There are 4 protein chains.
Amino acid sequence: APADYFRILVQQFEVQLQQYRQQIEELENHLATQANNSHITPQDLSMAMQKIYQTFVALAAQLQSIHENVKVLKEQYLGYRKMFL
Amino acid sequence: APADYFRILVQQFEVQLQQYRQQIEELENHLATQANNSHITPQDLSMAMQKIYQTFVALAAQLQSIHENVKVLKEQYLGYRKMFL
Amino acid sequence: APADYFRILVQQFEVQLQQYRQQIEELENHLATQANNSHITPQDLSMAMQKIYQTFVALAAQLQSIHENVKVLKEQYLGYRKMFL
Amino acid sequence: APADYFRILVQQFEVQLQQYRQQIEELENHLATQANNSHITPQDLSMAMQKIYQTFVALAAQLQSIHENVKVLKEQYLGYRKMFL
């Protein structure tokens, strides 16, 4: 600590960004499937866009949590700097 | 004529989702290198999160445009469907 | 029927290429964490390289499998064209 | 230090693996493109496979170059080991 703490926060950011990326990839491939199995439809397009917004809301929650943690770290360092002047 | 338009709307959605995934892939690959040579800093994490939000706001604009186009196609679809029924 | 057979061969190719990507991407994600928070013995670099080669040999077996099927399809196409001329 | 050199070797591996993934992804999107346009053809499948083999041979060359460097590093450590006995 505290570099260990931040190292965990960074590991979390990366891993979350990967999961998200692969959720998007799953969509791209789901469409690539129903592009040569049966031309894509409006219904498909709408549920897809819907899955995009949804999965991003999830990602954003994750990023917000990470943001809170780093903000705490910043406030701690701050206090130290306020004492030292 | 309709199927063609929507075919182009589908092509747009896919290629937009591709570009998006590429930008995110760049971010990740940038953190995987800027963490190997030296150590990622809270500044990097912050700017990365920021670029994610910006990148999604862009993608979202693209998606809304596509959504308007399909909505129009739906308006016409109902234009006929209402007369014949 | 010929178009259908080939259609299946085509989505088999794409999907095999997808899974191949996932295997790689995964290998990279394992390095973007186990090497950015800690160090990594060269023999782990060797293990990764070895997983690359093995994963490719698998992919190549898949590709040759589908290649045989298109080759047969070509032989049939050829038989028809030859009788006709 | 030998850690700096090997650190560069690791950065090379990762970056070459990302590049590789990008070439495969590009080719993988190219098929998604020429699927919604017309229909993927045996010509396409053939050239695509050829692209896979060709791109992997390049990747393997890169990996071989890396392997020789780590090999040298190992022989060096070895020379030290034989002295210490």
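Per-chain numbering applies: from 1 upward along each written sequence, possibly unlike the entry's numbering, with residues missing coordinates excluded. Working convention: letters from A go to chains and numbers from 1 go to ligands, in the order in which they are written. Only hydrogens and water are set aside; all other atoms, that is, all heavy atoms of the structure, feed into the side-chain values.

- For this deposited structure, the header cites X-ray crystallography as the method used and 2.195 Å as the resolution.

**Remarks on the overall build of chain A**
- Under the DSSP-based scheme used, a helix requires at least four consecutive residues in state H or I and a strand at least two consecutive residues in state E, with every element numbered from the N terminus. Looking only at helices and strands, chain A features two helices and zero strands.
- Compactness check: chain A gives a C-alpha radius of gyration of 20 Å against a globular reference of 12 Å for 85 residues, more than 25% above the reference.
- Considered along the principal axes of its C-alpha atoms, chain A spans approximately 65 × 20 × 15 Å.
- For each residue, the accessible area found with a 1.4 Å probe, counting protein chains only, is set against the maximum for its type, and the residue is called buried under 20%, exposed over 50%, and partly exposed in between. Taking all 85 residues of chain A together, the buried fraction comes to 39%.
- Surface summary for chain A: the accessible area is close to 5,300 Å², and the carbon and sulfur share equals 58%.
- The charged-residue count follows a simple rule in which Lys and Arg add positive charge and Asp and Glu add negative charge, with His and chain termini not counted at all. By convention, the point assigned to a charge is CZ for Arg, NZ for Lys, CD for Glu and CG for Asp. Taking the 7 positively charged and 8 negatively charged side chains of chain A as two groups, their mean positions are separated by 15 Å. Note on method: radius of gyration uses C-alpha positions; expected globular size equals 2.2 Å times residues raised to 0.38. Accessible surface area values rest on a Shrake-Rupley calculation with a 1.4 Å probe, where residue burial reflects the displayed protein chains alone.

**Things to note about the relation of the copies chain D and chain C**
- Note that copies are overlaid through least squares, fitting their C-alpha atoms. Superposing chain D onto chain C takes a rotation of 180 degrees combined with a translation of 0.1 Å along the rotation axis, leaving an RMSD of 0.7 Å. The two molecules are tied by a two-fold rotation axis, judged by turn and shift. The position closest to the rotation axis in chain D is occupied by the C-alpha of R21 of chain D, lying 3.2 Å away.
- Here 96% of the interface residues in chain D have copies in chain C that are interface residues too; the copies meet face to matching face. Every residue pair with non-hydrogen atoms within 4.5 Å of one another is taken to be in contact.

**Brief notes about the relation of the copies chain B and chain A**
- Expressed as a screw transformation, the operator carrying chain B onto chain A has a rotation angle of 180 degrees and an axial translation of 0.1 Å, and the superposed copies differ by an RMSD of 0.4 Å.
- Both copies present the same face, since 96% of the interface residues in chain B are matched by interface residues at the equivalent positions in chain A.

**Details of empty space enclosed by the protein**
- For cavity detection a 1 Å grid was placed over the protein atoms alone, and a set of points counts as a cavity when a 1.4 Å probe fits there but cannot get out; an open set counts as a pocket when protein lies on both sides within 12 Å along at least five of seven lines, with lining residues being those that have an atom within 4 Å of a point. Grid points are joined across faces, edges and corners, and a volume is the space filled by probe spheres set on the points. Within the structure shown, the criterion is met by two cavities of 30 Å³ or more.
- Considering the residues around the largest cavity, the lining is formed by 22 residues, among which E28 and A32 of chain A together with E28, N29 and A32 of chain D are closest to the centre.
- Elements supplying a minimum of two residues to the lining of the largest cavity: α1 (3–36) of chain A, α1 (2–31) of chain B, α1 (2–34) of chain C together with α1 (2–36) of chain D.
- Of the residues that constitute the lining of the largest cavity, the class distribution is six nonpolar, nine polar and seven charged.
- Considering only enclosed or pocket space, the second largest cavity measures out at about 130 Å³ in volume.
- Around the second largest cavity sit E14, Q18 and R21 of chain A, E28, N29 and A32 of chain B, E28, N29 and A32 of chain C together with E14, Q18 and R21 of chain D, which together line it. Amino acids outside the nonpolar list (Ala, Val, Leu, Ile, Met, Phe, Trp, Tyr, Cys, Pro) and the charged list (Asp, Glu, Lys, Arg) are all regarded as polar, and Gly is one of them.

**Regarding the interface of chain B and chain A**
- Taken together, the contact pairs 28 residues of chain B with 27 residues of chain A.
- Roughly 2,700 Å² of surface becomes buried between chain B and chain A when both sides are summed, with 80% attributable to carbon and sulfur atoms.
- Reported buried area values correspond to the accessible surface (1.4 Å probe) lost by two parts on association, with both partners' losses combined. When residues of chain B are sorted by the area they lose upon contact with chain A, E28, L45 and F56 of chain B head the list and together hold 21% of the total.
- Here a salt bridge means any side-chain nitrogen of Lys or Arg lying within 4 Å of a carboxyl oxygen belonging to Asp or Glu. Along the contact surface separating chain B from chain A lie three salt bridges.

**Some remarks on the layout of surface pockets**
- Of the pockets and cavities examined, the largest pocket occupies roughly 1,400 Å³.
- Surrounding the largest pocket, 47 residues form its lining, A35 of chain A, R7 of chain C together with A35, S38 and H39 of chain D being those nearest its centre.
- Among the secondary structure elements, those contributing two or more residues to the lining of the largest pocket are α1 and α2 (42–84) of chain A, α1 and α2 (42–83) of chain B, α1 and α2 (42–83) of chain C together with α1 and α2 (42–84) of chain D.

**Here we look at the pattern of salt bridges**
- This structure, assessed with the given rule, holds 20 salt bridges over all chains.
- Notably, a salt bridge pairs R21 of chain A with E25 of chain A, separated by 3.4 Å at the nearest N-O pair. Within this pair, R21 of chain A and its partner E25 of chain A are both found in helix α1, separated by four residues, close to a single helical turn.
- Judged by its relative accessible area of 5%, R21 of chain A is buried.
- With a closest N to O distance of 2.7 Å, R21 of chain A and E28 of chain B form a salt bridge. Of this pair, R21 of chain A sits in helix α1 while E28 of chain B sits in helix α1, placing the two residues on different chains. Like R21 of chain A, the residue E28 of chain B is buried in the burial classification.
- Within this structure, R21, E25 and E28 of chain A, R21, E25 and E28 of chain B, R21, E25 and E28 of chain C together with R21, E25 and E28 of chain D form a network of salt bridges that share partners.

**Some thoughts on a nonpolar patch on the surface**
- Nonpolar side chains collect at one region of the surface, where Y80, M83, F84 and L85 of chain B lie side by side and expose about 610 Å² of accessible area between them.
- Relative to the helices and strands, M83 of chain B is located in helix α2. Two distance rules govern patches: like charges are joined within 9 Å, and nonpolar side chains (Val, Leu, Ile, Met, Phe, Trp, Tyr) within 5 Å, applied only to residues with over 30% relative accessible area and no salt bridge.

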